[PDB]
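Enquirer: Below: one structure in structure tokens.
FYI the Cβ positions are ideal-geometry reconstructions off the backbone, even for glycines, and counts take in every protein chain you see. Each answer follows from the model by the rule given with it, or from the source it names; no laboratory read-out is quoted.
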Amino acid sequence: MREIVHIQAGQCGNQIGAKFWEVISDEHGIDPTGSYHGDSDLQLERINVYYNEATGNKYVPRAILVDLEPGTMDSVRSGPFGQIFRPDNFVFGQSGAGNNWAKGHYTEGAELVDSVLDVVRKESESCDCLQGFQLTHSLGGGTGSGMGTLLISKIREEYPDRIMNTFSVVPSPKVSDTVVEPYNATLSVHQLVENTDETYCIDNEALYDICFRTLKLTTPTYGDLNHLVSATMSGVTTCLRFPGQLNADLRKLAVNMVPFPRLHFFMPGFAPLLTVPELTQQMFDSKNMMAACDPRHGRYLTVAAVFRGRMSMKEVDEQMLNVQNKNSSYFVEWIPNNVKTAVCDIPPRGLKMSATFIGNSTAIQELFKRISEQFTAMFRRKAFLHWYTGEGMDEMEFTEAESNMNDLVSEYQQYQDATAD
Amino acid sequence: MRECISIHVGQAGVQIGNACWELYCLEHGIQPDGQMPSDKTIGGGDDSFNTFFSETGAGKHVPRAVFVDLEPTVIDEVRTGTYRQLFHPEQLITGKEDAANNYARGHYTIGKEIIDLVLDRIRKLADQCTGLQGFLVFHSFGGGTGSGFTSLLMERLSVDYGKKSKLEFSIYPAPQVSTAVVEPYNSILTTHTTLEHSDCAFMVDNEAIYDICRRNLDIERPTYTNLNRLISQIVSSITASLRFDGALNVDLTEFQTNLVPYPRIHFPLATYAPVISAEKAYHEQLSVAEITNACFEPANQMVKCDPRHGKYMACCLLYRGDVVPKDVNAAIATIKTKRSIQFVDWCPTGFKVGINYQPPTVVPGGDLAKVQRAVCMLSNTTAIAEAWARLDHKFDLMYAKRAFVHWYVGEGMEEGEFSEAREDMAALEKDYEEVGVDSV
Amino acid sequence: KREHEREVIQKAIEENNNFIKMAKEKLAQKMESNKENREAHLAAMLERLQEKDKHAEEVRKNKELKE
Ligand SMILES: Nc1nc2c(ncn2[C@@H]2O[C@H](COP(=O)(O)OP(=O)(O)OP(=O)(O)O)[C@@H](O)[C@H]2O)c(=O)[nH]1
Ligand SMILES: Nc1nc2c(ncn2[C@@H]2O[C@H](COP(=O)(O)OP(=O)(O)OP(=O)(O)O)[C@@H](O)[C@H]2O)c(=O)[nH]1
Ligand SMILES: COc1ccc(CNc2c(-c3ccccc3O)nc3ccc(F)cn23)cc1
Ligand SMILES: [Ca+2]
Ligand SMILES: [Mg+2]
Ligand SMILES: [Mg+2]
């Protein structure tokens, strides 16, 4: 199992997508035309996971860039690594989505979807052995929120035995103040719970609060938030991209991290935003979580930890045992050995030592409740439904979407209260 | 004749085959390209080393073995590594996609795509054999390929080769080096489905080996390379009775007669000595009494259990090197008076001894000292049921909530298989308790 | 004694054959139960996805037939 097919959908999807590709290209020694100017063989060893090999030793991202609004094509192409993307994989619709989910999922996205699916098939057929699909998008907008989740459901039908990853950007009043973002997210979440195997909750409220309090910024741009999201996206793909004694792919991740099919919402964390015990304490700290939850208000079902840099592997073992010992109550006792640890020698650009953290915590229900509450404030007085019922939707579908997400919260709560005896 | 075919399954199986076959080549003076200067009979022969190696007409000595994995990365390193010329390309077998830490995919979904090919190749080796003794199967308990493909293979081997003997060297999972949360499920499923088809099974506890590397070899954080080098030494001690001539050499099957009192009780505890660094072995010759005594120190065991709080049903000593019966007998006399050794009332209490004159060897650039003499004890103790118990408890914690069970059911398994397997292990734990109870 | 000597070897053959038989049959049993189960899981997954396509047809025919 080698090749992953990346899909960036909507504005959020395409900007965090571009950053992701800028960083990992830098980490693999790839420049904007797409040559290899590196030095280390480890950079090339599993380059196949994200790149195709064209003539003249030219490495080309396996990315599929999708939006209903053009100009997001222009910005991506005028950006640092815009030259590197494959020209035919840009699949940009006409009239845009204007922050409506029913336009993304039911009408306007429904036409463009087939011409995306053609780029997907072209990319999937040239895969020796395809593992799955990662979709970067947001859940607040229209295209990425709604077309993104139709693509998911349509890719699922042609490739139902392949893994479906999402980097799902969750919306917050502090970053964007569009009013219907709690509708769009709750509709998306009702799709995600059924059709993805694993979703990383990158969350705008957490990213704002980090940018503000940790990084000092008094009012931050999108570019500031995305410096974080790219650092995370670099970290939770390290075990896919570099060799290591561990072999690591999207299914092995899913099997080991997801104890119940519906509880596939991960809380990521990065550190720093320096020594091994401090790294280890920082990454289990609620300030370093890219979702806006507190580990100490629930329990970890499972954790992956990834350390990058030259460091004593003995020291890392002793520390990871340490935080499990000192924080024993915040892991469920009925899953043994539920915190694992990898180490890549090669650190990221800038830092000499990093540590990235993937947690499936039952405290992720704090995120689904904050969304649920902003949603329920609107829906119970039918606000802004002409946007949705106008494109054809029923009211039923809002009740189901709301109820499904409350079940998800209730189930996260059930396994938090569970006991070994 | 008396040929023995080795089958190496999944990463652990493969990487331990490297350690083993590298070691056997050094033990018999076989060069990387497969040539053996000291073999005057070119093309074939009847020599003791021919139980593990066929000869070609060109003078190549070729392992009677097959490496099998459902993904190419581990076997690709055998294809391009120091010993790439030793193996015929058809012995090294790979798929495109792994079992993903799932017994089900290893047994059914990915596994049934490659199984006929694997048996076809095993068959090609079996037909180079004038009197095939049986198979040696190397695999992890915890992997998806190691657990599920091995189970499928063992089932199929019982069909193609009847009652022809099958030995397992099984890697038992440990948290220090564990790769998957679901290892306890895989372990209990493979153990269950393999138990009627295996004749003897040497468990190796990764933790036990991990502890030995830290404690005795001064290794701060042992890798797989460190563990496999130690394991290959133990494997070598056990197979050395098959690979060497000797006046005092007792064959491995004769030990098996003593080691297996009922079909299900076929899990011997191994213990190896001396494991010592060069630094510590310098000006420090270890006598027969010291290494024999070290066999009853439970820190030297391959599985973490306590034989002292259990009962022996057999005790075999496999010595290699500068050892003569006199020293062995004196050493055993000392141990009987000074140590905690209680047999069940239905076994005779005699220790069965075997001796190979070929002293043990070391792989270049390793951590073990070259020593003049060495010993592997194979005991059948009820204590080893402790290992089943620990693992069965981890299984029960998860199975009570159905954690991860959907990943197995989605690939076609039913809940029935899980509980059927767990009850078999419940019965096995009860069997190991029964044999220890005194008669009336 | 000679007739007993033939009964014992016939028994040894019989039981060896029986093991090979019931292992062969037990195995074919499981592989067939599994394939039916795996296929039934994927058939249900695809039938839930084809039930969405058919709900998307109702929403696209509520915009076109409400104007
Ligand atoms: N973290 C982060 N969030 C972003 C970025 N760009 C947009 N967003 C968020 O995206 C959400 C809105 O979705 P967009 O991706 O802009 O919209 P879209 O899904 O493309 O839909 P349309 O613009 O309606 O076609 C809001 O919550 C924004 O704050 C970004 O670069 N980084
Ligand atoms: N002693 C030892 N143990 C190993 C080695 N490689 C992996 N393991 C252990 O084996 C278990 C994992 O099984 P693997 O053999 O890697 O898995 P696999 O059989 O290749 O199965 P998949 O990779 O899931 O198809 C864990 O307990 C590992 O610590 C090795 O070289 N030596
Ligand atoms: C209980 O937790 C796990 C068990 C197995 C896996 C699969 N592979 C994997 C991963 C991993 C896999 C895919 C993508 C990103 C990743 O970071 N990271 C680790 C770290 C340690 C380790 F032992 C395995 N890891 C994941 C988690
Ligand atoms: Ca010869
Ligand atoms: Mg847009
Ligand atoms: Mg493997």
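Matching residues to (1) within 16 Å of ligand 3 (Cβ to nearest atom); (2) crowded, with 20+ Cβ neighbours inside 10 Å:
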position: A:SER95; (1), (2): no, no
position: A:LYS122; (1), (2): no, no
position: A:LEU151; (1), (2): no, yes
position: A:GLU158; (1), (2): no, no
position: A:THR166; (1), (2): yes, yes
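Enquirer: Only one of A:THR166, A:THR237 is within 30 Å of B:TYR224 (Cβ to Cβ), within 12 Å of the chain's Cα centre (by Cα) and away from chain B (no Cβ under 14 Å). Can you tell me which?
Expert: Unique residue meeting the criteria: A:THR237.
Enquirer: For a quick check of your reading of the model, give me the residue pairs whose first member lies in the range A:305-324 and is within 11 Å of another protein chain (Cβ to nearest Cβ), whose second is within 15 Å of ligand 3 (Cβ to nearest atom) and hydroxyl-bearing (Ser, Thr, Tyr), with beta-carbon atoms closer than 8 Å and at least 6 apart or on different chains.
Expert: Partner pairs satisfying both residue conditions: A:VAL316/A:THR280; A:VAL316/A:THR341; A:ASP317/A:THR341; A:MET320/A:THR280; A:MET320/A:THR341.
Enquirer: Just for strands (runs of 3 or more DSSP E) wholly inside the range B:39-92: which have at least 1 residues that are within 9 Å of ligand 4 (Cβ to nearest atom), within 25 Å of B:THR130 (Cβ to Cβ) and more than 14 Å from every other protein chain (Cβ to nearest Cβ)?
Expert: B:53-55, B:61-63
Enquirer: Give the number of residues within the range B:259-297 that are outside any loop (DSSP other than H, G, I, E, B) and within 18 Å of the chain's Cα centre (by Cα).
Expert: 6
Enquirer: Now for a separate question. Considering only residues of the range B:127-152 that are of a type in the set (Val, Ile, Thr) and outside any helix (DSSP H, G or I), which is farthest from ligand 4 (Cβ to nearest atom)?
Expert: Only one residue tops the list, namely B:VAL137.
Enquirer: Quick one: is C:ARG48 more than 13 Å from the chain's Cα centre (by Cα), surrounded by 11 or more Cβ atoms within 10 Å (Cβ to Cβ), more than 9 Å from chain B (Cβ to nearest Cβ) and charged (D, E, K, R)?
Expert: In short, yes.
Enquirer: Considering each of B:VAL181, B:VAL177 in turn, give the residue that is β-branched (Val, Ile, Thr), crowded, with 23+ Cβ neighbours inside 10 Å and either assigned to a helix (DSSP H, G or I) or in the same structural domain as B:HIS107 (by CATH) (or both).
Expert: B:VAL181
Enquirer: Within the range A:232-246, take every residue that is part of a loop (DSSP other than H, G, I, E, B) and away from ligand 2 (no atom under 14 Å from the Cβ) and give me the one that is farthest from A:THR166 (Cα to Cα).
Expert: Ranking the qualifying residues of the range A:232-246, first place goes to A:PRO243.
Enquirer: Looking at the range B:416-423, is at least one residue part of a helix (DSSP H, G or I), in contact with a strand residue (DSSP E or B) (Cβ under 9 Å, 6 or more places away or on another chain) and over 30 Å from B:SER241 (Cα atoms)?
Expert: So far as the range B:416-423 goes, no, none of its residues is part of a helix (DSSP H, G or I), in contact with a strand residue (DSSP E or B) (Cβ under 9 Å, 6 or more places away or on another chain) and over 30 Å from B:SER241 (Cα atoms).
Enquirer: For the range B:115-131, which positions are buried (at least 19 other Cβ atoms within 10 Å of the Cβ) and either away from ligand 6 (no atom under 16 Å from the Cβ) or outside the structural domain of B:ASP160 (by CATH) (or both)?
Expert: If the condition is that a residue be buried (at least 19 other Cβ atoms within 10 Å of the Cβ) and either away from ligand 6 (no atom under 16 Å from the Cβ) or outside the structural domain of B:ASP160 (by CATH) (or both), then B:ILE122, B:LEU125 are the ones that fit.
Enquirer: Just for the range A:133-163: of the residues that are part of a loop (DSSP other than H, G, I, E, B) and away from every other protein chain (no Cβ under 14 Å), which one is nearest to ligand 6 (Cβ to nearest atom)?
Expert: Here the answer is A:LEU139.
Enquirer: Let me confirm something: among A:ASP41, A:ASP31, A:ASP67, A:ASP26, which residue is within 16 Å of ligand 1 (Cβ to nearest atom) and more than 15 Å from the chain's Cα centre (by Cα)?
Expert: On inspection, the qualifying residue turns out to be A:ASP67.
Enquirer: Of (1) under 30 Å from A:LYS154 (Cα atoms); (2) facing chain B (nearest Cβ under 10 Å), C:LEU27 satisfies all except one. Which?
Expert: (1)
Enquirer: Ok, one more. Quick check on the range B:114-126. Is at least one of its residues basic (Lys, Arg), under 19 Å from A:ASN247 (Cβ atoms) and not in a loop (DSSP other than H, G, I, E, B)?
Expert: no
Enquirer: Which one of these does A:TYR388 not meet: (1) surrounded by 19 or more Cβ atoms within 10 Å (Cβ to Cβ); (2) away from chain C (no Cβ under 14 Å); (3) assigned to a helix (DSSP H, G or I)?
Expert: (2)
Enquirer: Condition test on A:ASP128, is it assigned by CATH to the domain that holds A:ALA185, acidic (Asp, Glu) and in a helix (DSSP H, G or I)?
Expert: So A:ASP128 does not fit the description; no.
Enquirer: Okay, next question. Return the only residue of B:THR94, B:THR56 being among the β-branched types (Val, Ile, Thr) and away from ligand 6 (no atom under 16 Å from the Cβ).
Expert: The unique qualifying residue is B:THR56.
Enquirer: Something else about it: Could we say that B:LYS164 is within 14 Å of chain C (Cβ to nearest Cβ) and over 20 Å from B:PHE404 (Cβ atoms) here?
Expert: Taking the combined requirement at face value, the residue satisfies it.
Enquirer: Which one is farthest from the other protein chains (Cβ to nearest Cβ), of the residues in the range A:210-234 that are among the polar types (S, T, N, Q) and surrounded by fewer than 16 Cβ atoms within 10 Å (Cβ to Cβ)?
Expert: So the residue we want is A:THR218.
To keep it simple, each residue is scored yes or no on (1) surrounded by fewer than 18 Cβ atoms within 10 Å (Cβ to Cβ); (2) more than 14 Å from chain C (Cβ to nearest Cβ).
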| site | (1), (2) |
| --- | --- |
| B:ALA385 | no, yes |
| B:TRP388 | no, yes |
| B:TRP407 | no, no |
| B:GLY410 | no, no |
| B:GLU423 | yes, yes |
| B:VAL435 | no, yes |
| B:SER439 | yes, yes |
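Enquirer: Starting from residues that are surrounded by fewer than 24 Cβ atoms within 10 Å (Cβ to Cβ) and not acidic (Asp, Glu), keep the ones in the range A:128-142 and report whichever is farthest from ligand 5 (Cβ to nearest atom).
Expert: By that ranking, first place goes to A:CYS129.
Enquirer: Continuing with this model, one more query. Before we move on, is B:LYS112 in contact with a helix residue (DSSP H, G or I) (Cβ under 7 Å, 6 or more places away or on another chain) and more than 16 Å from ligand 6 (Cβ to nearest atom)?
Expert: yes
Enquirer: Which number in (1) more than 15 Å from A:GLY109 (Cβ to Cβ); (2) under 16 Å from the mean Cα position of the chain (by Cα); (3) of a type outside the set (S, T, N, Q); (4) part of a helix (DSSP H, G or I) marks the one condition that A:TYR183 misses?
Expert: (2)
Enquirer: Being in the same structural domain as B:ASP205 (by CATH), farther than 20 Å from C:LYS35 by Cα and in contact with a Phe, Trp or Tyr (Cβ under 6 Å, 6 or more places away or on another chain) is true for just one of B:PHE138, B:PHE87. Which residue is that?
Expert: So the residue among B:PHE138, B:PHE87 that is in the same structural domain as B:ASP205 (by CATH), farther than 20 Å from C:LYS35 by Cα and in contact with a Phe, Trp or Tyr (Cβ under 6 Å, 6 or more places away or on another chain) is B:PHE138.
Enquirer: Could you tell me whether B:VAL323 is buried (at least 17 other Cβ atoms within 10 Å of the Cβ), of a type in the set (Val, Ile, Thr), in contact with a helix residue (DSSP H, G or I) (Cβ under 7 Å, 6 or more places away or on another chain) and farther than 17 Å from B:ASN293 by Cβ?
Expert: For B:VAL323, the condition - buried (at least 17 other Cβ atoms within 10 Å of the Cβ), of a type in the set (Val, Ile, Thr), in contact with a helix residue (DSSP H, G or I) (Cβ under 7 Å, 6 or more places away or on another chain) and farther than 17 Å from B:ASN293 by Cβ - is not met.
Enquirer: Can you pull out every residue in the range B:216-238 that is assigned to a helix (DSSP H, G or I) and touching a helix residue (DSSP H, G or I) at 6+ places or on another chain (Cβ under 7 Å)?
Expert: Within the range B:216-238, B:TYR224, B:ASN226, B:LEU227, B:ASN228, B:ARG229, B:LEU230, B:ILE231, B:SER232, B:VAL235, B:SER236, B:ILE238 meet the criteria.
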